[PDB]
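Enquirer: Provided herewith is a single structure, encoded as structure tokens, for subsequent inquiry.
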Amino acid sequence: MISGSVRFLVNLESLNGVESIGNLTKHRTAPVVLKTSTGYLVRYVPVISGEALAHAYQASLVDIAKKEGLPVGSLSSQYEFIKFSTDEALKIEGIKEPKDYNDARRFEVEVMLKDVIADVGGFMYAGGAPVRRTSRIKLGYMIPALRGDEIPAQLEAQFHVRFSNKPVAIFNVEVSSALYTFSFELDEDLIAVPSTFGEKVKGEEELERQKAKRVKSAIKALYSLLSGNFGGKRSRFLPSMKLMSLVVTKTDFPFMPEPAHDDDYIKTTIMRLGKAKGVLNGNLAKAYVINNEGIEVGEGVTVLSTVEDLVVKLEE
Amino acid sequence: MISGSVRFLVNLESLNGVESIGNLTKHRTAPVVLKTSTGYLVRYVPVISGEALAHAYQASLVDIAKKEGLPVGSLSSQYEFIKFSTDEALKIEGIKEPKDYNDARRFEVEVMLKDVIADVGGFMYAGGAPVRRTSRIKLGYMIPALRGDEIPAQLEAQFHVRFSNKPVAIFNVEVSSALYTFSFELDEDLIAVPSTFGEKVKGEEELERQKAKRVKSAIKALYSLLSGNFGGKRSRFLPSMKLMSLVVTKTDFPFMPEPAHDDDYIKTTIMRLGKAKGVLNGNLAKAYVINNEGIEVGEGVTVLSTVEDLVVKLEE
Amino acid sequence: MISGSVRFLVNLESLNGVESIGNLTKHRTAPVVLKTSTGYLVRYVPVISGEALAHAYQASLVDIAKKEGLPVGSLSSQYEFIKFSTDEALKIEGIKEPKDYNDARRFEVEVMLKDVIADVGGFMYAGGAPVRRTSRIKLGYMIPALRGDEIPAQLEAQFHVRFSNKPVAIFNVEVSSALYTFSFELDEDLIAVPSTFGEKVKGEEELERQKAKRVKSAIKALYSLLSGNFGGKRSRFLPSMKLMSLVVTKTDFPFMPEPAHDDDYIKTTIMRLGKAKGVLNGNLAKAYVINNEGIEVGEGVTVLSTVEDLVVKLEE
Amino acid sequence: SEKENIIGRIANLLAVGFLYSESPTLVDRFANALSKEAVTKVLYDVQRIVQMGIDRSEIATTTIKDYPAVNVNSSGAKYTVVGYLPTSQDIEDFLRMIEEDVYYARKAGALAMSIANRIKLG
Amino acid sequence: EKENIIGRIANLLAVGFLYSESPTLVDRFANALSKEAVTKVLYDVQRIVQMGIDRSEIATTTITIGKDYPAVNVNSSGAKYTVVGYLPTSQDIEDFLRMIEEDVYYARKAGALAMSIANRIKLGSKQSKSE
Amino acid sequence: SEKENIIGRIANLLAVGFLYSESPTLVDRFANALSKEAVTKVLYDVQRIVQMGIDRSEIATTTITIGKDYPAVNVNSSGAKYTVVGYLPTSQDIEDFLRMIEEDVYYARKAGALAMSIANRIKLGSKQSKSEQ
Amino acid sequence: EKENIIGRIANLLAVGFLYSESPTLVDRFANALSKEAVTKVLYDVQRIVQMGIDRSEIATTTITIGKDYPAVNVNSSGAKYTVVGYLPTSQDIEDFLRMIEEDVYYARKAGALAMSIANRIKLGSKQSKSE
DNA sequence: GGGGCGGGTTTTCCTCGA
RNA sequence: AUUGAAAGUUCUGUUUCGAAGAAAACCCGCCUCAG
């Protein structure tokens, strides 16, 4: 597994939107519970949904797969990830619906040999014989660090007008600035492996042949998420992003690094990784740390400089 | 016995679901009675059912048992815990139904030598000669702390859209944030021991041989629950969890630690443990405390740092 | 004698079910009439019966007695409290039936020596020459306090589903959260004393020797009831109990405290204890009070902190 | 005795909501209600379902002597419930009847299921 | 004068319901158990009526039913409705809130009247479209 | 109560500012306030609007017989004449009202609801008199 | 004591505004986003008050409102104003600047109070001239 | 000596199955 | 010591799977604190 925690600093930002009231475009906000010296409090803070991150990751994976010759679905060739949920998608792609439960595995393989997106991000088919496949990449909401007693985030509204020589043209846009943090998980040991239980079906040999390329493409696709290519309204509200801290852990056993809420979350996660490897009878545990804010790290830890080096090391 | 009380802080959470209305997915809510300076009040607060925790614990136990070579049932090999309730499960596994009451013990042993899940989590068979086995692990609903006059919990709805080039695709998801608390109990002195009264039946020697391994696996399985590997909708709504306080008590007599509702619930439970050992004529009483919020603990109490150390100490 | 009134607070609980309808398990409720300015309102309020408490008390007494070597019946060693009721029950234990009325006492003593539960719990034998023994512990129904103009109790239905890979799995459970109050009586003076007139029969010296141990065990068994080890559905619906107020009176004459349905029920019972001792020519009268909700107590009462100290003082 | 007319109009609302949604769940909740909370929640949820059918023009008032009726179109099936839907005053008077006796919710649920069953059989 | 105040509040609720096509505010008003719930609805319904006034979709008029009666015309989704009577004054809102502080029953009475007004108008409008 | 009198005087200030500016925006901001910052900002901005009306002699205090004389505020806006019955808040009323807001922002909603009621009644009466003429 | 300091700063701002007949310093104070802007206004307003003191156009007094209250008389352009209360001490300025270094909100609070004092005094002075 | 005027948003989708 | 005496309706279960509110837009045209 590959589990990562990332901290970003973004200023004058609007990438996620919600329903609009009047001539005002609103930014997504969520409640958070924060601990202060006086107890516990509830606050409302701007956030960014994880679905945008998933869409960006899937689009980058589509581009990489098309460049490298891996098969891509007809509907997924256009950036519309309906996958194989409805019958119209099946009719367009040309895959017969499953007949009974025993045929479900076959259907899964037929879906899995045509689109890498269905293999990596999972899919669902609802009907007489429903078929499920959980996504192999897991993300979450982007929340600013809940450090100290003051939340380092702010939101405001801005005024804009449209010019016209014959007045008969005014709108408002919400803009936020914060220090965001988010974590991600990706299990590469289950890529190109069927999930529905059953008997062997012809076509698994091709999946075994393409497993290495699929894993390499899935690992490469994380560069877009780690670089900052996500969100909307980038034509006129391009944000200013800067990486501050990054922790990546590669293990053969389940593990979850500490959230990037406290200033000391690298030493703790390294110690927890060592103890978890000791207690769970593991055989592989590696850590990579990128630091640009001069906080405590620890000892015996590999230190990188950029994200491309991390991607190359993960691929190798 | 091993009895524990745990406090967690979770933000932007949706792991448990209920029936949906329209295009809205709802979060489970329950009524709670809370005491304020003005008297007693009734409130509606989001909660998480204990069945999800039980399912996660049983899945982790299945994984550990398969890794360590302990027998696992055919149906329980897949993550479907129907156990041996219906006749179809018995036919699939291949175990004859009990004939009369006197044969019931034999049937229990036959169930107990094939699946560790039936042994630990109990099972039920309904028929001419019903057979019962109570679970050896007891959990409860996950409720936020009812401290003070204000409940530190919040729930809201979020707006999401699905992209399409040919409109003809809008849904809402409930998201909560709270400071959860929950308690658990596990009696390891009855693992791998038959419960139905009767005469000796061949096959108990194997159970006696495997008792130590079964107890070790049952103790190890608590790591998933204590770490935070439970609940659904983790693909796009991965929560941010952080341990705050944990108390674990190992006794040879029945005991129940205080719920994690008041800020001072460690000193009270330690004093109660000492007095209960004094009054009930016990011979073993140990306590372990993990503290990360700087609250009062007491004197003469072992202090740990992580959860893996606690698991190792419990195993030893 | 010993009398007690206790106030409890329970959340997200389902201990006493009732007859199932369709695919639903229902809670036990009773009607109450509440007075309003407009008029009267009839409301259904959850309750817990007095038989589950007796079963829990008897099980705890069995567990405590088997550790100290006191005699325990064959069918009572198994948690099946049929007691020496019919001929089939007597056949297993090996007791000859009473001959006539004049011999009845003898039979009682024999039973009284072959099973402690038949002594403290009481037994009834139907037949030509019936024998009786009233229970030494008296328990009442658990009903939440009807205080003020509001009932602090609720009752909701929860929806649960079982997952299967081949659909062809749905149930509902009622959950509640109330503020319970219950009272109890015990007569440690009558323990190990026969309850039938006649002449002394050989074997009463053993009862005289065992009186102290039986009294100690009976007093010890109250700890389980006062700690919250009663009811069912604790495997997946484990409740969260807490102690608020407790009054225990020890006298040498019949007496009971006021019901805990009002906010001031300790001052009244103290005054009534004084008044009753004034008229009934008593000698011993002691009151122990545990207070956690900050209600008025009075003067002339020893204040404790836990339940263990109460048991120690009662035994002393 | 308008109490029976109010109960009948509530039963018509529940039957229309059941036939349109193809779900008995709201009628089951109404007939099993032990509190004013459960009854009031169903009265909202069934009217919210009926509101969607009105906005889609799948639920309409009609006449079928001419009797008042409600036409319901669901999943290509056409149903006609004979009678009026409750007024706001009927809902308020029914809630007052429920505050006195939750039995009236069981009576309305039994009538609603009878109406729906007769229409589904036909 | 208490009945006149309740009737004017019921007219406001009926106008707000017919304009918004939503019963939610009338439901909240008729189920109110506190002055908070009543006051919140009185604001929200007047805020809806204010939007209809600014759009010229809500206007005061007189109608001959042979004397002229005060009325409120409401245009919603191409439907035209006419509520007969006055809207409440600021003094009617204040006196009604004082009545609610004594007994929340008056909110239920106003809600029942408002729903009756709206139902009669909706029934008449559907009948004319069917003819 | 003195709290109700303060709330009523704040509502009169908001109603005068609304009728003079012909904009509900300040009353909307006041009734939706969740912080003392939003309330205080509206209390300044509405008084700044009233100050301009005072300097232009378009806002003036008066008495009106409704048979005793009541204090009132005359407002002239866009050729419309309005009369709000009551006093404007004092500096002490603003300070005591801000203290009430620091305890419970509910009082801003109460004042906003009253202000909108005053303005609506006056606007309705003014439109009716124009239709009759 | 924090409210007393803010009230004394508001009195200083109100005296400076009434004497200068300019809102510019109060506008700068209430819109301040830094300690620099607040401190600059605290100097400039005290410099205006210093000129009024040297000209004997600003003086401390007591007024009976039946006990004597501290006040500041201000003469400007033939108008007479009286602000009730004390002017800030050097310690009040220093403690207020420490409050501003923690939260610039206190400058907005003082500005809102100062404008309220000045508006009430200007309204009363215009009414007496009209009578 | 305490400003003025013109603008206060338009579509598209309101859940599928056991 | 009362139509009283003697009794648990208790055991076993995830509402799970999946889906960017996205695209277009200038607050701008006029002003010496001066003798």
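Identifiers in the structure tokens: chain A, B, ... in order shown; residue index from 1 per chain; ligand index from 1 in order shown.
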Residues of chain E within 10 Å of chain D, using only C-alpha atoms, as a short mmCIF file (atom, residue, chain, number, x, y, z; two decimals) with N, CA, C and O atoms, in the first residue's frame?

Expert:
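That gives us selection-v5.cif:
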```
data_model
loop_
_atom_site.label_atom_id
_atom_site.label_comp_id
_atom_site.auth_asym_id
_atom_site.auth_seq_id
_atom_site.Cartn_x
_atom_site.Cartn_y
_atom_site.Cartn_z
N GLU E 21 -45.60 28.47 -3.82
CA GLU E 21 -46.10 27.11 -4.08
C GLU E 21 -45.61 26.06 -3.08
O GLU E 21 -45.67 24.86 -3.34
N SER E 22 -45.17 26.50 -1.89
CA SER E 22 -44.66 25.64 -0.83
C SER E 22 -45.50 25.76 0.45
O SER E 22 -45.67 26.86 0.97
N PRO E 23 -45.98 24.63 1.01
CA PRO E 23 -46.69 24.65 2.28
C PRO E 23 -45.77 24.71 3.50
O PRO E 23 -46.26 24.86 4.62
N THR E 24 -44.45 24.62 3.33
CA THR E 24 -43.47 24.43 4.42
C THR E 24 -43.57 25.49 5.52
O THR E 24 -43.50 25.16 6.70
N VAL E 26 -46.30 27.35 6.28
CA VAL E 26 -47.60 27.16 6.95
C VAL E 26 -47.55 25.95 7.88
O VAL E 26 -48.01 26.04 9.01
N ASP E 27 -46.89 24.85 7.44
CA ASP E 27 -46.65 23.67 8.27
C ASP E 27 -45.86 24.03 9.53
O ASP E 27 -46.26 23.67 10.64
N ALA E 30 -48.21 26.22 11.91
CA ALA E 30 -49.26 25.44 12.56
C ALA E 30 -48.73 24.40 13.57
O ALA E 30 -49.46 23.99 14.48
N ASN E 31 -47.47 23.98 13.43
CA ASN E 31 -46.82 23.05 14.36
C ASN E 31 -45.94 23.75 15.41
O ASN E 31 -45.35 23.06 16.24
N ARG E 108 -51.70 28.09 15.46
CA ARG E 108 -52.48 26.99 14.87
C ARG E 108 -53.77 27.49 14.22
O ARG E 108 -54.09 27.06 13.12
N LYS E 109 -54.48 28.42 14.86
CA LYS E 109 -55.70 29.03 14.32
C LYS E 109 -55.41 29.78 13.01
O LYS E 109 -56.08 29.53 12.01
N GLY E 111 -52.77 29.32 10.98
CA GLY E 111 -52.36 28.30 10.02
C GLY E 111 -53.53 27.55 9.40
O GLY E 111 -53.59 27.38 8.18
N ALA E 112 -54.52 27.15 10.21
CA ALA E 112 -55.73 26.48 9.73
C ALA E 112 -56.54 27.37 8.78
O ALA E 112 -56.98 26.91 7.73
N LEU E 113 -56.68 28.66 9.10
CA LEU E 113 -57.34 29.64 8.24
C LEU E 113 -56.57 29.85 6.93
O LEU E 113 -57.17 29.82 5.86
N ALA E 114 -55.25 30.00 7.00
CA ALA E 114 -54.40 30.20 5.83
C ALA E 114 -54.49 29.03 4.84
O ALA E 114 -54.68 29.24 3.64
N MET E 115 -54.42 27.80 5.34
CA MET E 115 -54.56 26.60 4.51
C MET E 115 -55.95 26.50 3.87
O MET E 115 -56.06 26.14 2.71
N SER E 116 -57.00 26.90 4.58
CA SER E 116 -58.37 26.96 4.04
C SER E 116 -58.49 27.95 2.88
O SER E 116 -59.06 27.63 1.84
N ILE E 117 -57.91 29.15 3.03
CA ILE E 117 -57.89 30.17 1.98
C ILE E 117 -57.16 29.64 0.74
O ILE E 117 -57.72 29.67 -0.36
N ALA E 118 -55.96 29.10 0.92
CA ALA E 118 -55.14 28.59 -0.16
C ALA E 118 -55.81 27.41 -0.89
O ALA E 118 -55.88 27.40 -2.12
N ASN E 119 -56.38 26.45 -0.16
CA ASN E 119 -57.08 25.30 -0.73
C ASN E 119 -58.27 25.71 -1.58
O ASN E 119 -58.42 25.24 -2.71
N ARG E 120 -59.11 26.63 -1.09
CA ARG E 120 -60.27 27.12 -1.84
C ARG E 120 -59.86 27.80 -3.14
O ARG E 120 -60.46 27.54 -4.18
N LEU E 123 -58.38 25.04 -5.62
CA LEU E 123 -59.50 24.27 -6.17
C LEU E 123 -60.24 25.04 -7.27
O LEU E 123 -60.42 24.51 -8.36
N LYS E 126 -58.00 25.29 -10.48
CA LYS E 126 -57.95 24.01 -11.22
C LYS E 126 -59.26 23.73 -11.95
O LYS E 126 -59.21 23.25 -13.08
N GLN E 127 -60.40 24.05 -11.37
CA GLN E 127 -61.70 23.86 -12.00
C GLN E 127 -61.84 24.72 -13.26
O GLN E 127 -62.16 24.20 -14.32
N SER E 130 -59.85 23.19 -16.10
CA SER E 130 -60.47 21.98 -16.63
C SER E 130 -61.65 22.29 -17.55
O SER E 130 -61.79 21.65 -18.59
#
```

Enquirer: Residues of chain I no more than 10 Å from chain A, counting only C-alpha atoms (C1' of nucleotides): send them over as JSON, numbers by chain.

Expert: {"I": [16, 17, 18, 19, 20, 21, 22, 23, 25, 26, 27, 28]}

Enquirer: Which polymer residues have any atom within 12 Å of an atom of residue 52 (chain D), counting only C-alpha atoms (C1' of nucleotides), with same-chain residues fewer than 3 positions away left out, as a list in words?

Expert: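 Result of the neighbour search: residues 22 of chain B; 17, 20, 21, 45, 46, 47, 48, 49, 55, 56, 57, 58, 59, 60, 72, 73 and 74 of chain D; 21 and 22 of chain E; 14 of chain H.
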
Enquirer: Could you write out the selected residues, including N, CA, C and O atoms (P, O5', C5', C4', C3', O3' and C1' of nucleotides), as a compact mmCIF listing (two decimals), in the first residue's frame?

Expert:
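Saved file out-v9.txt follows:
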```
# COMPACT_ATOMS: atom_id res chain seq x y z
N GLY B 22 -35.74 11.02 -1.54
CA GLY B 22 -35.43 11.77 -2.75
C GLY B 22 -33.99 11.54 -3.18
O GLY B 22 -33.53 10.40 -3.29
N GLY D 17 -50.42 8.53 -1.80
CA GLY D 17 -48.97 8.46 -1.59
C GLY D 17 -48.41 7.05 -1.77
O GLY D 17 -47.39 6.87 -2.43
N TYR D 20 -48.70 6.06 -5.64
CA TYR D 20 -47.72 6.83 -6.41
C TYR D 20 -46.28 6.39 -6.15
O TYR D 20 -45.52 6.20 -7.09
N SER D 21 -45.91 6.17 -4.88
CA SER D 21 -44.56 5.74 -4.49
C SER D 21 -44.31 4.24 -4.66
O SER D 21 -43.16 3.81 -4.64
N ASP D 45 -44.01 13.60 5.03
CA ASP D 45 -43.35 12.81 3.99
C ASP D 45 -44.32 12.37 2.89
O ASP D 45 -43.99 12.44 1.70
N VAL D 46 -45.55 11.98 3.23
CA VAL D 46 -46.57 11.60 2.24
C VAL D 46 -47.02 12.80 1.41
O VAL D 46 -47.14 12.69 0.20
N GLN D 47 -47.20 13.96 2.03
CA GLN D 47 -47.54 15.19 1.31
C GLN D 47 -46.39 15.66 0.42
O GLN D 47 -46.65 16.17 -0.67
N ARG D 48 -45.15 15.44 0.82
CA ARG D 48 -43.97 15.73 0.00
C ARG D 48 -43.91 14.85 -1.25
O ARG D 48 -43.60 15.34 -2.33
N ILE D 49 -44.26 13.57 -1.12
CA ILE D 49 -44.40 12.64 -2.26
C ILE D 49 -45.54 13.10 -3.18
O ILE D 49 -45.35 13.19 -4.39
N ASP D 55 -46.36 18.28 -9.14
CA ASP D 55 -45.45 19.07 -9.98
C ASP D 55 -45.15 18.38 -11.31
O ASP D 55 -45.15 19.03 -12.36
N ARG D 56 -45.03 17.06 -11.31
CA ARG D 56 -44.89 16.22 -12.51
C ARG D 56 -46.20 16.03 -13.29
O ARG D 56 -46.18 15.40 -14.35
N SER D 57 -47.31 16.54 -12.81
CA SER D 57 -48.66 16.31 -13.36
C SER D 57 -49.06 14.83 -13.41
O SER D 57 -49.89 14.43 -14.23
N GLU D 58 -48.48 14.01 -12.55
CA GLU D 58 -48.80 12.58 -12.39
C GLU D 58 -49.88 12.36 -11.31
O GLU D 58 -50.55 11.34 -11.31
N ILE D 59 -50.10 13.34 -10.44
CA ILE D 59 -51.22 13.39 -9.50
C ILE D 59 -52.06 14.63 -9.82
O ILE D 59 -51.56 15.75 -9.81
N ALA D 60 -53.35 14.42 -10.08
CA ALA D 60 -54.29 15.49 -10.37
C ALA D 60 -55.66 15.20 -9.76
O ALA D 60 -56.12 14.06 -9.73
N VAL D 72 -53.88 9.11 -10.20
CA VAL D 72 -52.47 8.83 -9.91
C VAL D 72 -51.89 8.02 -11.06
O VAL D 72 -52.39 6.93 -11.36
N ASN D 73 -50.84 8.52 -11.70
CA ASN D 73 -50.06 7.77 -12.68
C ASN D 73 -48.73 7.37 -12.05
O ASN D 73 -47.97 8.23 -11.62
N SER D 74 -48.43 6.07 -12.01
CA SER D 74 -47.18 5.54 -11.47
C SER D 74 -46.67 4.39 -12.33
O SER D 74 -47.42 3.46 -12.61
N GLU E 21 -45.60 28.47 -3.82
CA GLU E 21 -46.10 27.11 -4.08
C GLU E 21 -45.61 26.06 -3.08
O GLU E 21 -45.67 24.86 -3.34
N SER E 22 -45.17 26.50 -1.89
CA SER E 22 -44.66 25.64 -0.83
C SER E 22 -45.50 25.76 0.45
O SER E 22 -45.67 26.86 0.97
P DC H 14 -34.39 15.23 -14.23
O5' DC H 14 -34.73 14.93 -12.69
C5' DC H 14 -34.54 15.94 -11.72
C4' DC H 14 -34.38 15.34 -10.34
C3' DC H 14 -35.65 15.21 -9.54
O3' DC H 14 -35.47 14.28 -8.48
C1' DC H 14 -34.37 17.08 -8.79
```

Enquirer: Could you pull out the alpha helix (DSSP H) residues of region 177-274 of chain C, going by DSSP on the backbone, and write them as an MDAnalysis selection string?

Expert: chainID C and resid 204:220 222:227 266:274

Enquirer: Work out how far apart CA of residue 303 (chain A) and CA of residue 288 (chain A) are and give it in Å to one decimal.

Expert: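 According to the coordinates, CA of residue 303 (chain A) and CA of residue 288 (chain A) are separated by 6.4 Å.
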
Enquirer: Excluding residue 103 (chain C) and residues on its chain fewer than 4 positions from it, collect all residues at most 12 Å away from it, counting only C-alpha atoms (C1' of nucleotides), and give them as a list in words.

Expert: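 Everything that qualifies: residues 96, 97, 98, 99, 107, 108, 109, 110, 129, 130, 131, 196, 197, 198, 199, 200 and 201 of chain C.
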
Enquirer: Region 69-83 of chain G: which residues within 12 Å, counting only C-alpha atoms (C1' of nucleotides), same-chain residues fewer than 4 positions away excluded, as a ChimeraX atom specification?

Expert: /G:7-8,10-22,48-49,51-53,55-65,87-88,114,116-126,128-129

Enquirer: Report as a PyMOL selection string: the residues of region 114-216 of chain A with a DSSP assignment of strand (DSSP E), based on the backbone of this structure.

Expert: chain A and resi 123-125+131-133+137-138+143-144+153-161+170-186

Enquirer: What residues in chain A have any atom no more than 7 Å from chain B when counting only C-alpha atoms, and can you write them as a PDB file with N, CA and C atoms, in the first residue's frame?

Expert:
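Listing of result29.pdb after writing:
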```
ATOM      1  N   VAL A  18     -20.921  25.696  -5.127  1.00  0.00           N
ATOM      2  CA  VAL A  18     -22.185  25.176  -4.631  1.00  0.00           C
ATOM      3  C   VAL A  18     -23.300  26.032  -5.225  1.00  0.00           C
ATOM      4  N   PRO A  31     -18.919  22.326   8.677  1.00  0.00           N
ATOM      5  CA  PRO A  31     -18.627  22.509  10.098  1.00  0.00           C
ATOM      6  C   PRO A  31     -17.466  21.637  10.554  1.00  0.00           C
ATOM      7  N   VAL A  32     -16.685  22.192  11.474  1.00  0.00           N
ATOM      8  CA  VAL A  32     -15.539  21.498  12.057  1.00  0.00           C
ATOM      9  C   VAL A  32     -15.564  21.708  13.565  1.00  0.00           C
ATOM     10  N   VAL A  33     -15.175  20.667  14.301  1.00  0.00           N
ATOM     11  CA  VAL A  33     -15.048  20.722  15.750  1.00  0.00           C
ATOM     12  C   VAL A  33     -13.573  20.867  16.094  1.00  0.00           C
ATOM     13  N   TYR A  40     -14.098  22.839  23.641  1.00  0.00           N
ATOM     14  CA  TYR A  40     -14.354  22.449  22.265  1.00  0.00           C
ATOM     15  C   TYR A  40     -15.353  23.411  21.641  1.00  0.00           C
ATOM     16  N   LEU A  41     -15.119  23.768  20.381  1.00  0.00           N
ATOM     17  CA  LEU A  41     -15.943  24.732  19.675  1.00  0.00           C
ATOM     18  C   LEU A  41     -16.278  24.209  18.286  1.00  0.00           C
ATOM     19  N   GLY A  50     -13.689  15.905  -2.363  1.00  0.00           N
ATOM     20  CA  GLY A  50     -12.727  14.964  -2.900  1.00  0.00           C
ATOM     21  C   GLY A  50     -13.093  14.443  -4.276  1.00  0.00           C
ATOM     22  N   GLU A  51     -14.331  14.693  -4.701  1.00  0.00           N
ATOM     23  CA  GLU A  51     -14.765  14.223  -6.015  1.00  0.00           C
ATOM     24  C   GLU A  51     -14.031  14.950  -7.133  1.00  0.00           C
ATOM     25  N   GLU A  80     -16.077  11.973 -19.431  1.00  0.00           N
ATOM     26  CA  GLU A  80     -17.394  11.759 -18.836  1.00  0.00           C
ATOM     27  C   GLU A  80     -17.370  10.380 -18.186  1.00  0.00           C
ATOM     28  N   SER A 135     -13.283   1.188  -5.516  1.00  0.00           N
ATOM     29  CA  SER A 135     -12.155   1.926  -6.061  1.00  0.00           C
ATOM     30  C   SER A 135     -10.862   1.549  -5.347  1.00  0.00           C
ATOM     31  N   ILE A 137      -8.280   3.649  -5.274  1.00  0.00           N
ATOM     32  CA  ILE A 137      -7.705   4.891  -4.771  1.00  0.00           C
ATOM     33  C   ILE A 137      -8.733   5.555  -3.867  1.00  0.00           C
ATOM     34  N   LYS A 138      -8.300   5.956  -2.675  1.00  0.00           N
ATOM     35  CA  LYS A 138      -9.181   6.536  -1.674  1.00  0.00           C
ATOM     36  C   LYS A 138      -8.681   7.927  -1.301  1.00  0.00           C
ATOM     37  N   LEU A 139      -9.570   8.911  -1.397  1.00  0.00           N
ATOM     38  CA  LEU A 139      -9.279  10.299  -1.074  1.00  0.00           C
ATOM     39  C   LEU A 139     -10.316  10.800  -0.077  1.00  0.00           C
ATOM     40  N   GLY A 140     -10.150  12.048   0.354  1.00  0.00           N
ATOM     41  CA  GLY A 140     -11.058  12.647   1.308  1.00  0.00           C
ATOM     42  C   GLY A 140     -11.170  14.139   1.080  1.00  0.00           C
ATOM     43  N   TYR A 141     -12.004  14.776   1.896  1.00  0.00           N
ATOM     44  CA  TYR A 141     -12.188  16.217   1.802  1.00  0.00           C
ATOM     45  C   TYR A 141     -10.898  16.944   2.165  1.00  0.00           C
ATOM     46  N   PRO A 259      -2.907  12.602  10.506  1.00  0.00           N
ATOM     47  CA  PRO A 259      -3.342  13.764   9.727  1.00  0.00           C
ATOM     48  C   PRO A 259      -2.424  14.955   9.954  1.00  0.00           C
ATOM     49  N   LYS A 275       6.682   0.548  14.970  1.00  0.00           N
ATOM     50  CA  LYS A 275       6.020  -0.330  15.930  1.00  0.00           C
ATOM     51  C   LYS A 275       4.969  -1.213  15.266  1.00  0.00           C
ATOM     52  N   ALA A 276       4.253  -0.691  14.267  1.00  0.00           N
ATOM     53  CA  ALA A 276       3.263  -1.493  13.558  1.00  0.00           C
ATOM     54  C   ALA A 276       3.922  -2.609  12.760  1.00  0.00           C
ATOM     55  N   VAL A 279       4.797  -5.257  15.289  1.00  0.00           N
ATOM     56  CA  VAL A 279       3.716  -5.984  15.951  1.00  0.00           C
ATOM     57  C   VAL A 279       2.900  -6.809  14.959  1.00  0.00           C
TER      58      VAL A 279
END
```

Enquirer: Show which residues sit within 6 Å of region 69-74 of chain F, as a ChimeraX atom specification. Count only C-alpha atoms (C1' of nucleotides), and ignore same-chain residues fewer than 2 positions away.

Expert: /F:59-65,82-86

Enquirer: Could you write out that same residue set with N, CA and C atoms as a compact mmCIF listing (two decimals), in the first residue's frame?

Expert:
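File written: out_12.txt
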```txt
# COMPACT_ATOMS: atom_id res chain seq x y z
N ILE F 59 -34.61 63.69 6.30
CA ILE F 59 -34.99 63.00 7.54
C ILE F 59 -35.04 64.03 8.67
N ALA F 60 -36.18 64.13 9.34
CA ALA F 60 -36.38 65.04 10.46
C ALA F 60 -37.26 64.40 11.54
N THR F 61 -36.97 64.69 12.80
CA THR F 61 -37.88 64.34 13.90
C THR F 61 -39.06 65.30 13.93
N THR F 62 -40.22 64.77 14.29
CA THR F 62 -41.47 65.52 14.39
C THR F 62 -42.36 64.91 15.47
N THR F 63 -43.47 65.55 15.75
CA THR F 63 -44.57 64.96 16.51
C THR F 63 -45.80 64.86 15.60
N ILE F 64 -46.58 63.82 15.77
CA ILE F 64 -47.83 63.62 15.05
C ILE F 64 -48.94 63.24 16.01
N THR F 65 -50.12 63.77 15.77
CA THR F 65 -51.32 63.38 16.52
C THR F 65 -51.94 62.18 15.83
N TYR F 82 -42.85 59.39 3.86
CA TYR F 82 -43.14 58.37 4.85
C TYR F 82 -43.03 58.96 6.25
N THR F 83 -43.79 58.43 7.19
CA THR F 83 -43.69 58.80 8.61
C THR F 83 -43.60 57.54 9.45
N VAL F 84 -42.48 57.36 10.14
CA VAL F 84 -42.27 56.28 11.10
C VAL F 84 -42.59 56.81 12.49
N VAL F 85 -43.50 56.14 13.21
CA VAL F 85 -43.90 56.55 14.56
C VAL F 85 -42.96 55.94 15.58
N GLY F 86 -42.41 56.75 16.47
CA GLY F 86 -41.49 56.34 17.53
C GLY F 86 -40.20 57.14 17.56
```
